[PDB]
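Student: Have a look at this one.
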Amino acid sequence: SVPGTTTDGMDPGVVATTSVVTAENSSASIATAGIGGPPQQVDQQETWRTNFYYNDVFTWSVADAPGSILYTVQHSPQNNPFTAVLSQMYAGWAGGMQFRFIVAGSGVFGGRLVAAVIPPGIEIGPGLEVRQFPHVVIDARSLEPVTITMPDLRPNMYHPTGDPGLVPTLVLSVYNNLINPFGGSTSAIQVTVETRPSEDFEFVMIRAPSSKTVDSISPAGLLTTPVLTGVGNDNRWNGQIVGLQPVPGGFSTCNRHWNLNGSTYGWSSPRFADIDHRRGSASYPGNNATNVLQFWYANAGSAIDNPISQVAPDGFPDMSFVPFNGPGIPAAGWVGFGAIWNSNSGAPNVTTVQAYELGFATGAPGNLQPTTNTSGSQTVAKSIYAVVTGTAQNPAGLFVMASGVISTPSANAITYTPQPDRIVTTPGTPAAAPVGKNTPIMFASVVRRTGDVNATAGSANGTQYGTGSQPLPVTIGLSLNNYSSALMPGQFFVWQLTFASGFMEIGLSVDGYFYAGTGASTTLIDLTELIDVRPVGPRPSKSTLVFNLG
Amino acid sequence: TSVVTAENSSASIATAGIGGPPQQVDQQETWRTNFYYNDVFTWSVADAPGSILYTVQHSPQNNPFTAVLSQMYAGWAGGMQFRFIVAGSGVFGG
Amino acid sequence: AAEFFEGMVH
């Protein structure tokens, strides 16, 4: 007679049924999955089938109204750690799964929860009324675990591994409010979810592992622990990612950006190399040719060097041109080392070596102003320091290096240079908008400045930051594979990031933007004491990502 | 009154068991035994032979009572019977 | 599995 305070790893507890669990469902499922041949990996005494293994944990507080959604999960073999490994050698799967819930409360609390299975074809989100489905009610004072089973309600005969199809969804909601009769600061409890395959889960058709690999099915391995710790760079400045920058207003980034369709709207490959263009007018203001600023420009839509697009040459920064003249260093400009070369043979001009500032302008021989849309604009170079002589050749070419630094007037630092007001964008790209409490984020990096090249992180003169939209391994991996059959429009792919003290969640949309649920805060996330990164899977987009650092 | 069943009805019943037991299947119900109005269209003297006058897809919205009952069910299967009534006159042909 | 084919046969 064991007590209920100790639970065994094979123990389901109380089995809570629902009207969707029927015998004819199981018989039809087995008899129609039989077209894939005999079932595989169905030995009932194996250790990977008999035990429950960890899936998730969530929080239930007293401020949650009835009908609030606390936890959702889509039907997949990626919810178990061992059926995700075994799916690399098979081409189909069919069957159900069991989910075990443990509520960590006491006998003094009040309140109840509700769980139901949602058939495919129904949108999951706020306004989904769970209590008018066939449901099970679970008390907050329960000591033994409660397990319900999600069956396979599908319109196919089996699920192909790349393209499963329509699946059911398990949703847990709030029946009645949580009550603490004492009242005070202690108002929250925690529930843990675990998973185990059911008795009719199987695979069917064996295949070579050197077929469609694990990097073409789900983008779970695109974001790992060393990517955000010490290996990955950003897609704008090619610098070490140190933090996360919330943007509560919104932004749109076009160049060197990839969606979940294997497509780009920009004009750059996913690599950092030289910027080369020819056939552009070069000039210099004034008459004296010693210590004279150098000017160069060319129109947009003419650079025939890229197989991708001809808006700008490969590697051009997507920043609007800040206008300047005279002996004044501009504020927050993309500057980089380079020189102007001779278009007839390729011989560079040796005396015209300086740091040139790049951007997008509207009138280059006339008055100078920044511009954002690429239609009717042009690409403009102008050196920030004094250079010797100037070539007035009409087809003259420009050669700049890959990486750049910030142009600052003084030795002190400023805010993140790439603010969302001035980002040059091709017309036709979508923007990133806040969805509820979730707001778009960028990836911060320590980038040197032209007023103090010795300055690093933690310096006494301030730290200079430059931001990008995606990490570089992510956009490299997004241009090699296709993930159309991994995320519906209106969903996020969620990763859990743990720290030494707290943990937070980030999500990736179909458009290729990253999100975090922080509201209207503008504080940088430190991202120094990060420990582990774990994938979670598809979740509804109108659900708050958990953000607590403590 | 005789009720007509489909030619593929035995395979249609068995393969829909992945959704569970069948619901609203009672052959003496009054919403199921009578014909009810669906739509109307026009046949003109200027229509060439071979022209299409009417096109409808298989759906539970081509009936006033299966459209009401589809607000509380996530799934359907089975056939549907159609009937055509010409207003007409005895002096016409075609 | 057997009940499915049995029902379709019957």
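If you're wondering about the labels, chains in the structure tokens are A, B, ... by order shown, residues count from 1 in each chain, ligands from 1 in order shown.
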Near chain A, which residues of chain C fall within 8 Å when you count only C-alpha atoms, and what do they look like as a ChimeraX atom specification?

Tutor: /C:1-5

Student: With only C-alpha atoms as the counted atoms, please give the residues lying no more than 10 Å from residue C:7, apart from itself and same-chain residues fewer than 6 positions off, as a tab-separated table (two decimals) with N, CA and C atoms, in the first residue's frame.

Tutor:
```
chain	number	residue	atom	x	y	z
B	10	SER	N	-21.19	1.46	-48.45
B	10	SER	CA	-20.61	0.57	-47.45
B	10	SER	C	-19.15	0.90	-47.18
B	11	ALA	N	-18.41	1.33	-48.21
B	11	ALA	CA	-17.04	1.78	-47.99
B	11	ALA	C	-17.01	3.17	-47.38
B	13	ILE	N	-19.17	4.34	-45.06
B	13	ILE	CA	-19.48	4.26	-43.63
B	13	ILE	C	-18.26	3.79	-42.85
B	14	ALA	N	-17.53	2.80	-43.38
B	14	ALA	CA	-16.45	2.16	-42.63
B	14	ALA	C	-15.24	3.07	-42.49
```

Student: Work out how far atom CA of residue A:76 is from atom CA of residue A:120, in Å to one decimal.

Tutor: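 Distance between the two atoms: 13.2 Å.
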
Student: Provide as a list in words the residues of chain B at most 7 Å from chain A, counting only C-alpha atoms.

Tutor: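 Only these qualify: residues 17, 18, 19, 20 and 74 of chain B.
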
Student: Convert the current residue selection to file output with N, CA, C and O atoms, as a PDB file, in the first residue's frame.

Tutor:
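The resulting file, selection_8.pdb, is reproduced below:
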```
ATOM      1  N   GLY B  17     -15.049   5.944 -39.739  1.00  0.00           N
ATOM      2  CA  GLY B  17     -14.927   5.567 -38.346  1.00  0.00           C
ATOM      3  C   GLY B  17     -13.704   6.108 -37.646  1.00  0.00           C
ATOM      4  O   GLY B  17     -13.579   5.946 -36.430  1.00  0.00           O
ATOM      5  N   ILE B  18     -12.801   6.752 -38.390  1.00  0.00           N
ATOM      6  CA  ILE B  18     -11.667   7.447 -37.789  1.00  0.00           C
ATOM      7  C   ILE B  18     -12.129   8.712 -37.067  1.00  0.00           C
ATOM      8  O   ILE B  18     -11.408   9.257 -36.225  1.00  0.00           O
ATOM      9  N   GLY B  19     -13.328   9.200 -37.377  1.00  0.00           N
ATOM     10  CA  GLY B  19     -13.942  10.286 -36.651  1.00  0.00           C
ATOM     11  C   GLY B  19     -14.848   9.857 -35.520  1.00  0.00           C
ATOM     12  O   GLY B  19     -15.455  10.714 -34.872  1.00  0.00           O
ATOM     13  N   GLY B  20     -14.961   8.557 -35.261  1.00  0.00           N
ATOM     14  CA  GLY B  20     -15.809   8.059 -34.206  1.00  0.00           C
ATOM     15  C   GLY B  20     -17.106   7.473 -34.724  1.00  0.00           C
ATOM     16  O   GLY B  20     -17.246   7.174 -35.913  1.00  0.00           O
ATOM     17  N   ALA B  74     -17.556  19.038 -36.372  1.00  0.00           N
ATOM     18  CA  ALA B  74     -16.305  19.224 -37.110  1.00  0.00           C
ATOM     19  C   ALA B  74     -16.051  18.101 -38.112  1.00  0.00           C
ATOM     20  O   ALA B  74     -14.978  17.508 -38.112  1.00  0.00           O
TER      21      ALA B  74
END
```

Student: Can you work out the spacing between atom CA of residue A:189 and atom CA of residue A:109 in Å, to one decimal?

Tutor: 9.8 Å

Student: Excluding stretch 357-373 of chain A and residues on its chain fewer than 6 positions from it, collect all residues at most 9 Å away from it, counting only C-alpha atoms, and give them as an MDAnalysis selection string.

Tutor: chainID A and resid 296:298 316:324 333:337 379:384 407 421:427

Student: Please save N, CA and C atoms of the selected residues as a JSON list (two decimals), in the first residue's frame.

Tutor:
```
[["chain", "number", "residue", "atom", "x", "y", "z"],
["A", 296, "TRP", "N", 31.22, 59.92, -55.15],
["A", 296, "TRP", "CA", 30.92, 58.91, -56.15],
["A", 296, "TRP", "C", 29.46, 58.53, -56.00],
["A", 297, "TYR", "N", 28.79, 58.25, -57.12],
["A", 297, "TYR", "CA", 27.41, 57.77, -57.07],
["A", 297, "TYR", "C", 27.09, 56.99, -58.34],
["A", 298, "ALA", "N", 26.01, 56.22, -58.25],
["A", 298, "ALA", "CA", 25.45, 55.50, -59.39],
["A", 298, "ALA", "C", 23.98, 55.22, -59.09],
["A", 316, "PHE", "N", 26.07, 45.86, -50.16],
["A", 316, "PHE", "CA", 25.78, 47.26, -49.87],
["A", 316, "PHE", "C", 24.94, 47.37, -48.59],
["A", 317, "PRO", "N", 25.27, 48.28, -47.68],
["A", 317, "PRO", "CA", 24.49, 48.41, -46.45],
["A", 317, "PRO", "C", 23.10, 48.99, -46.70],
["A", 318, "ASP", "N", 22.14, 48.50, -45.92],
["A", 318, "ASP", "CA", 20.74, 48.89, -46.06],
["A", 318, "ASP", "C", 20.41, 50.04, -45.10],
["A", 319, "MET", "N", 21.22, 51.09, -45.19],
["A", 319, "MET", "CA", 21.08, 52.25, -44.33],
["A", 319, "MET", "C", 20.95, 53.51, -45.18],
["A", 320, "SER", "N", 20.08, 54.42, -44.74],
["A", 320, "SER", "CA", 19.89, 55.67, -45.46],
["A", 320, "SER", "C", 21.11, 56.57, -45.28],
["A", 321, "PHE", "N", 21.43, 57.33, -46.32],
["A", 321, "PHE", "CA", 22.64, 58.15, -46.33],
["A", 321, "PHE", "C", 22.42, 59.40, -45.49],
["A", 322, "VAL", "N", 23.18, 59.52, -44.41],
["A", 322, "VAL", "CA", 23.15, 60.73, -43.59],
["A", 322, "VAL", "C", 23.95, 61.81, -44.31],
["A", 323, "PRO", "N", 23.36, 62.96, -44.61],
["A", 323, "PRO", "CA", 24.10, 64.00, -45.34],
["A", 323, "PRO", "C", 25.06, 64.76, -44.44],
["A", 324, "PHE", "N", 26.20, 65.12, -45.02],
["A", 324, "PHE", "CA", 27.22, 65.88, -44.30],
["A", 324, "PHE", "C", 28.11, 66.58, -45.31],
["A", 333, "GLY", "N", 26.69, 56.60, -39.03],
["A", 333, "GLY", "CA", 26.81, 56.28, -40.43],
["A", 333, "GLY", "C", 27.63, 55.03, -40.69],
["A", 334, "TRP", "N", 27.30, 54.29, -41.75],
["A", 334, "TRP", "CA", 28.06, 53.09, -42.10],
["A", 334, "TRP", "C", 29.28, 53.54, -42.89],
["A", 335, "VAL", "N", 30.47, 53.36, -42.31],
["A", 335, "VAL", "CA", 31.72, 53.76, -42.95],
["A", 335, "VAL", "C", 32.61, 52.53, -43.05],
["A", 336, "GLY", "N", 33.42, 52.48, -44.11],
["A", 336, "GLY", "CA", 34.29, 51.35, -44.35],
["A", 336, "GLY", "C", 35.42, 51.73, -45.29],
["A", 337, "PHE", "N", 36.53, 51.02, -45.14],
["A", 337, "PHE", "CA", 37.74, 51.32, -45.89],
["A", 337, "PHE", "C", 37.61, 50.87, -47.34],
["A", 379, "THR", "N", 22.71, 54.94, -55.09],
["A", 379, "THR", "CA", 23.73, 54.57, -54.11],
["A", 379, "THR", "C", 24.86, 55.59, -54.14],
["A", 380, "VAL", "N", 25.25, 56.08, -52.96],
["A", 380, "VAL", "CA", 26.12, 57.25, -52.84],
["A", 380, "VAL", "C", 27.27, 56.92, -51.88],
["A", 381, "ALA", "N", 28.50, 57.22, -52.30],
["A", 381, "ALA", "CA", 29.70, 57.10, -51.48],
["A", 381, "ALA", "C", 30.32, 58.48, -51.30],
["A", 382, "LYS", "N", 30.85, 58.74, -50.10],
["A", 382, "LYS", "CA", 31.54, 59.98, -49.80],
["A", 382, "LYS", "C", 32.48, 59.79, -48.62],
["A", 383, "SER", "N", 33.76, 60.09, -48.83],
["A", 383, "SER", "CA", 34.77, 59.91, -47.79],
["A", 383, "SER", "C", 34.61, 60.93, -46.68],
["A", 384, "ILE", "N", 34.87, 60.48, -45.45],
["A", 384, "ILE", "CA", 34.65, 61.31, -44.27],
["A", 384, "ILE", "C", 35.93, 62.04, -43.88],
["A", 407, "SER", "N", 30.32, 55.56, -37.56],
["A", 407, "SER", "CA", 30.88, 56.90, -37.68],
["A", 407, "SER", "C", 30.30, 57.76, -36.56],
["A", 421, "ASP", "N", 13.73, 53.83, -37.85],
["A", 421, "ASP", "CA", 13.30, 54.95, -38.69],
["A", 421, "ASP", "C", 13.99, 54.91, -40.05],
["A", 422, "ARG", "N", 15.29, 54.62, -40.07],
["A", 422, "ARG", "CA", 16.08, 54.67, -41.30],
["A", 422, "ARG", "C", 16.66, 53.28, -41.61],
["A", 423, "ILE", "N", 15.86, 52.46, -42.27],
["A", 423, "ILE", "CA", 16.32, 51.19, -42.84],
["A", 423, "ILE", "C", 15.82, 51.13, -44.27],
["A", 424, "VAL", "N", 16.74, 51.01, -45.22],
["A", 424, "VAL", "CA", 16.40, 51.02, -46.64],
["A", 424, "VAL", "C", 15.76, 49.68, -47.00],
["A", 425, "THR", "N", 14.58, 49.73, -47.61],
["A", 425, "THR", "CA", 13.79, 48.53, -47.84],
["A", 425, "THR", "C", 13.19, 48.57, -49.25],
["A", 426, "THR", "N", 13.38, 47.47, -49.99],
["A", 426, "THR", "CA", 12.73, 47.24, -51.27],
["A", 426, "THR", "C", 11.22, 47.17, -51.06],
["A", 427, "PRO", "N", 10.40, 47.81, -51.91],
["A", 427, "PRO", "CA", 8.95, 47.68, -51.76],
["A", 427, "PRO", "C", 8.47, 46.27, -52.08]]
```

Student: May I ask for the distance between atom CA of residue A:374 and atom CA of residue A:301, given in Å to one decimal place?

Tutor: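 Straight-line distance from atom CA of residue A:374 to atom CA of residue A:301 works out to 8.9 Å.
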
Student: Can you tell me which residues surround residue A:234 at a distance of at most 9 Å, considering only C-alpha atoms, apart from same-chain residues fewer than 5 positions away, and format the answer as a ChimeraX atom specification?

Tutor: /A:239-241,443-445,467-473

Student: List every residue of stretch 15-80 of chain A that has an atom at most 12 Å from any atom of stretch 165-182 of chain A, giving for each one its closest atom pair and the distance in Å to one decimal, counting only C-alpha atoms, sorted by chain and then by ascending residue number, as a tab-separated table.

Tutor:
```
residue	atom	partner	partner_atom	distance
A:18	CA	A:170	CA	11.9
A:20	CA	A:168	CA	10.9
A:58	CA	A:172	CA	10.9
A:59	CA	A:178	CA	11.5
A:60	CA	A:178	CA	7.8
A:61	CA	A:178	CA	6.7
A:62	CA	A:178	CA	4.7
A:63	CA	A:177	CA	7.6
A:64	CA	A:177	CA	6.7
A:65	CA	A:177	CA	6.4
A:66	CA	A:174	CA	4.9
A:67	CA	A:174	CA	5.3
A:68	CA	A:173	CA	5.5
A:69	CA	A:173	CA	4.5
A:70	CA	A:173	CA	5.5
A:71	CA	A:172	CA	5.3
A:72	CA	A:171	CA	4.6
A:73	CA	A:170	CA	5.5
A:74	CA	A:169	CA	4.7
A:75	CA	A:167	CA	5.7
A:76	CA	A:167	CA	8.0
A:77	CA	A:167	CA	11.4
```

Student: Near residue B:48, within 12 Å and counting only C-alpha atoms, which residues show up once chain neighbours fewer than 5 positions away are dropped, as a PDB file with N, CA and C atoms, in the first residue's frame?

Tutor:
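Below is the file selection.pdb, written as the result:
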```
ATOM      1  N   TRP B  43     -32.830  29.701 -67.709  1.00  0.00           N
ATOM      2  CA  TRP B  43     -32.538  29.134 -69.020  1.00  0.00           C
ATOM      3  C   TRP B  43     -33.096  30.075 -70.082  1.00  0.00           C
ATOM      4  N   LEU B  53     -25.154  26.142 -67.362  1.00  0.00           N
ATOM      5  CA  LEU B  53     -26.128  27.001 -66.704  1.00  0.00           C
ATOM      6  C   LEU B  53     -26.094  26.925 -65.187  1.00  0.00           C
ATOM      7  N   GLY B  94     -36.875  21.943 -76.021  1.00  0.00           N
ATOM      8  CA  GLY B  94     -35.466  21.933 -75.684  1.00  0.00           C
ATOM      9  C   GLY B  94     -35.200  21.046 -74.493  1.00  0.00           C
TER      10      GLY B  94
END
```

Student: If we count only C-alpha atoms, what is near stretch 210-212 of chain A at a cut-off of 9 Å, once residues fewer than 5 positions away on the same chain are taken out, given as an mmCIF file with N, CA and C atoms, in the first residue's frame?

Tutor:
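Final output, saved to part22.cif:
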```
data_model
loop_
_atom_site.group_PDB
_atom_site.id
_atom_site.type_symbol
_atom_site.label_atom_id
_atom_site.label_comp_id
_atom_site.auth_asym_id
_atom_site.auth_seq_id
_atom_site.Cartn_x
_atom_site.Cartn_y
_atom_site.Cartn_z
ATOM 1 N N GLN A 88 14.155 9.438 -37.997
ATOM 2 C CA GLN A 88 15.172 9.658 -39.017
ATOM 3 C C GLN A 88 15.371 8.460 -39.935
ATOM 4 N N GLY A 162 7.958 14.231 -43.794
ATOM 5 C CA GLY A 162 8.084 15.614 -44.211
ATOM 6 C C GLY A 162 6.790 16.401 -44.136
ATOM 7 N N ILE A 217 13.498 18.968 -42.191
ATOM 8 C CA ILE A 217 12.166 18.674 -41.675
ATOM 9 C C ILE A 217 11.685 19.763 -40.725
#
```

Student: Extract the full set of helix (DSSP H, G or I) residues from stretch 179-362 of chain A according to DSSP on the backbone, and format it as a PDB file with N, CA, C and O atoms, in the first residue's frame.

Tutor:
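selection-v2.pdb written:
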```pdb
ATOM      1  N   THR A 225      22.904  26.157 -28.630  1.00  0.00           N
ATOM      2  CA  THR A 225      23.583  26.854 -27.543  1.00  0.00           C
ATOM      3  C   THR A 225      24.855  27.611 -27.957  1.00  0.00           C
ATOM      4  O   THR A 225      25.001  28.759 -27.521  1.00  0.00           O
ATOM      5  N   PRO A 226      25.799  27.073 -28.760  1.00  0.00           N
ATOM      6  CA  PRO A 226      26.960  27.906 -29.131  1.00  0.00           C
ATOM      7  C   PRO A 226      26.646  29.035 -30.103  1.00  0.00           C
ATOM      8  O   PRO A 226      27.484  29.932 -30.253  1.00  0.00           O
ATOM      9  N   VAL A 227      25.486  29.016 -30.768  1.00  0.00           N
ATOM     10  CA  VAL A 227      25.136  30.075 -31.713  1.00  0.00           C
ATOM     11  C   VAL A 227      24.919  31.398 -30.986  1.00  0.00           C
ATOM     12  O   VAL A 227      25.401  32.451 -31.423  1.00  0.00           O
ATOM     13  N   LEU A 228      24.230  31.364 -29.850  1.00  0.00           N
ATOM     14  CA  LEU A 228      23.963  32.570 -29.083  1.00  0.00           C
ATOM     15  C   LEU A 228      24.984  32.822 -27.980  1.00  0.00           C
ATOM     16  O   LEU A 228      24.863  33.822 -27.266  1.00  0.00           O
ATOM     17  N   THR A 229      25.979  31.947 -27.813  1.00  0.00           N
ATOM     18  CA  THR A 229      26.960  32.111 -26.744  1.00  0.00           C
ATOM     19  C   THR A 229      28.281  32.686 -27.247  1.00  0.00           C
ATOM     20  O   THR A 229      28.711  33.745 -26.781  1.00  0.00           O
ATOM     21  N   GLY A 230      28.943  32.012 -28.187  1.00  0.00           N
ATOM     22  CA  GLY A 230      30.246  32.488 -28.610  1.00  0.00           C
ATOM     23  C   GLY A 230      30.677  32.259 -30.045  1.00  0.00           C
ATOM     24  O   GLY A 230      31.820  32.569 -30.393  1.00  0.00           O
ATOM     25  N   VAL A 231      29.802  31.729 -30.895  1.00  0.00           N
ATOM     26  CA  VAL A 231      30.162  31.379 -32.262  1.00  0.00           C
ATOM     27  C   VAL A 231      29.443  32.257 -33.280  1.00  0.00           C
ATOM     28  O   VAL A 231      30.062  32.737 -34.232  1.00  0.00           O
TER      29      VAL A 231
END
```

Student: Just want the 8 Å neighbourhood of residue A:506, counted on only C-alpha atoms, with same-chain residues fewer than 4 positions away dropped. Output as a list in words.

Tutor: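 That gives residues 494, 495, 496, 497, 514, 515, 516, 517 and 545 of chain A.
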
Student: Generate the output file for the selected residues, N, CA and C atoms, as a compact mmCIF listing (two decimals), in the first residue's frame.

Tutor:
```txt
# COMPACT_ATOMS: atom_id res chain seq x y z
N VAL A 494 9.03 27.97 -31.18
CA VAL A 494 9.43 28.50 -29.88
C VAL A 494 10.68 27.77 -29.40
N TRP A 495 11.63 28.53 -28.86
CA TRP A 495 12.79 28.00 -28.16
C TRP A 495 12.80 28.51 -26.73
N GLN A 496 13.22 27.65 -25.81
CA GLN A 496 13.39 28.00 -24.41
C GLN A 496 14.87 28.24 -24.14
N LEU A 497 15.18 29.41 -23.59
CA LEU A 497 16.54 29.78 -23.21
C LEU A 497 16.60 29.89 -21.70
N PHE A 514 12.09 37.51 -35.34
CA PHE A 514 12.15 36.94 -34.00
C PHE A 514 11.38 37.83 -33.03
N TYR A 515 10.82 37.19 -32.00
CA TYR A 515 9.92 37.84 -31.06
C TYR A 515 10.26 37.43 -29.64
N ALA A 516 9.89 38.29 -28.69
CA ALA A 516 9.92 37.97 -27.28
C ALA A 516 8.79 38.72 -26.60
N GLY A 517 8.17 38.08 -25.61
CA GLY A 517 7.07 38.74 -24.93
C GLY A 517 7.53 39.58 -23.77
N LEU A 545 4.68 34.73 -24.64
CA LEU A 545 5.91 34.02 -24.30
C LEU A 545 6.33 34.41 -22.89
```
